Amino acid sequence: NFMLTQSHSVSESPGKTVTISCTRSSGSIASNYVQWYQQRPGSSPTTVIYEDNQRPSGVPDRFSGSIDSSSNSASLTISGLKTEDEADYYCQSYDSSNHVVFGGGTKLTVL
């Protein structure tokens, strides 16, 4: 139905803030919930954001999700970058038949 195009891999110093973006290619980004997963090297994906901006229990408030209707994108912002945040991040949403669509992933390196 569409693809989710994520922003380029980024490097950032500890304590800083980084924002990763996820652009839906057709149809409104606001038409289906966006989730964000963190996948640390060698590990499995875990939710950091679901329903656009909800944090699961145990995910700290340094993580926040947003939706920008004008750019048809979703964004994940991580402030207070810790070296434990070094991971590949994936945005994910659903098409009309409720099939999962994954973004292509963004690598975050903590300098």
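Residue numbers here begin at 1 and follow the sequence given.
Of the two stretches examined, 99-107 and 12-20, the record assigns the greater average C-alpha temperature factor to 12-20. For the segment pair 24-32 and 45-53, the entry gives 24-32 the higher mean B-factor, averaged over Cα atoms. Per the deposited coordinates, the residue with the largest Cα temperature factor out of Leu76, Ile67, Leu81, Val59 is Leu81. Per the PDB record, residue ranking by Cα B-factor puts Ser7 in the middle third of the chain.
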